[PDB]
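Side-chain atoms are counted along with the backbone in the values below, which use heavy atoms only and exclude waters and symmetry mates. To find a chain, count down the sequence lines: A is the first, B the second, and so on, and within it residues start at 1.
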2 protein chains.
Amino acid sequence: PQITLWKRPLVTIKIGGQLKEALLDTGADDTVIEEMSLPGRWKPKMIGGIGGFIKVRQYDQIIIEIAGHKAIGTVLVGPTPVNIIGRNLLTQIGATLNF
Amino acid sequence: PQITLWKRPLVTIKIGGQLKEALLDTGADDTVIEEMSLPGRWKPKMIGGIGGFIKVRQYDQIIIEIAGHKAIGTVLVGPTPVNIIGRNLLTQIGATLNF
Ligand SMILES: COc1ccc(S(=O)(=O)N(CC(C)C)C[C@@H](O)[C@H](Cc2ccccc2)NC(=O)O[C@@H]2CC[C@@H]3C[C@H]4CO[C@@H](C)[C@@]42O3)cc1
Ligand SMILES: [Cl-]
């Protein structure tokens, strides 16, 4: 698909057996998902945005379906107000910015 | 151009006579630039990201050249770690997300 940017670029994702809405975000290095339970070991991490830093749990090798496209990578879980699909997974579905 | 996302999508902008680097950010509604002096009156705005809220100054109808494309629109000025080009100006230069 080609997605215009008049509105937030939100898509449906499947992660950990649940359906969620998430933002396709070229400004995010990593993918950040609201608090949920995932399997495996995790390590703590601090990530910084506008307004300061938050603590998240880093999970590796997580499978995510993004608008029907399967991808695997690291997912950060923490108190974000919006689910964010970052560059580490956008590259895997072949996403590009065009102008 | 067509910009892949294996690296941060950084571009050169020109604003108020100065060259700066900025991130093309589909996850940002608005455009936010580090502290600088711009012409005209400003208005207050609160913006919220991952780490809380900050107060910024809103300037309207600012000329800005983004990777050689001219845009005229609203720019927010405040303590941001990186200069962010958001959807308000990405739509003016005709940017889309494709996969
Ligand atoms: C290592 O991995 C990461 C991954 C992500 C982040 S990140 O979330 O911190 N970030 C990184 C940028 C700032 C360098 C990704 C950016 O796309 C963010 C996404 C977003 C949208 C909505 C809510 C939270 C986060 N966007 C935003 O902050 O948008 C807000 C939205 C409301 C208004 C409109 C915008 C103009 O100013 C900002 C503060 C905004 O206020 C950092 C590190
Ligand atoms: Cl990854």
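- Taking hydrophobic clusters as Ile, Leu, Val, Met, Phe, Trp and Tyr residues chained together by side-chain heavy-atom distances below 4.5 Å, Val11(B) does not share a cluster with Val32(B).
- Linking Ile, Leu, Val, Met, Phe, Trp and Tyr whenever their side-chain heavy atoms come within less than 4.5 Å puts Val75(A) and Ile13(A) in one cluster.
- Placement of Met36(A) and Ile64(A) within a single hydrophobic cluster is found when ILVMFWY residues are connected by side-chain heavy-atom separations under 4.5 Å, directly or transitively.
- The most heavy-atom pairs under 4.5 Å with chain A, out of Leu24(B), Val82(B), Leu23(B), come from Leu24(B).
- Note on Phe53(A): it does not cluster hydrophobically with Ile84(A), by side-chain heavy-atom contacts below 4.5 Å among ILVMFWY residues.
- Here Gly51(B) is the residue among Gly51(B), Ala67(B), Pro9(B), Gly86(B) with the most heavy-atom pairs under 4.5 Å with chain A.
- Separation of atoms CG (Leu90(A)) and OG1 (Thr4(B)) is listed at 11.5 Å; rounding is to 0.5 Å.
- Open room surrounds CD on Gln61(B); 12 or fewer heavy atoms of other groups in view lie less than 6.0 Å from it.
- No side-chain heavy atom of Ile50(B) sits under 4.5 Å from any side-chain heavy atom of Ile50(A).
- Listed options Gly52(A), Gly49(A), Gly78(A) were ranked by heavy-atom pairs under 4.5 angstrom with chain B; first place goes to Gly52(A).
- Counted within 6.0 Å of CD1 on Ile63(B), heavy atoms from surrounding residues, nucleotides or ligands total 12 or fewer; the atom is thus considered open.
- Residue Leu5(A) forms a side chain to side chain contact (heavy atoms under 4.5 Å, CB included) with just one option from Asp29(B), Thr26(B), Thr96(B), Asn88(B), and that option is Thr26(B).
- In this structure, chain A has a heavy atom under 4.5 Å from the side chain of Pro81(B), while its backbone stays farther away.
- Using a 4.5 Å cut-off on side-chain heavy atoms (C-beta onward), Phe99(B) and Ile66(A) make no contact.
- Contact of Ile93(B) with chain A is made through backbone and side chain together, with heavy-atom distances under 4.5 Å.
- For chain A, the nearby part of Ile54(B) is the side chain; its heavy atoms alone come within less than 4.5 Å.
- Annotation for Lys20(B): atom NZ counts as buried by contact number, over 12 foreign heavy atoms lying within 6.0 Å.
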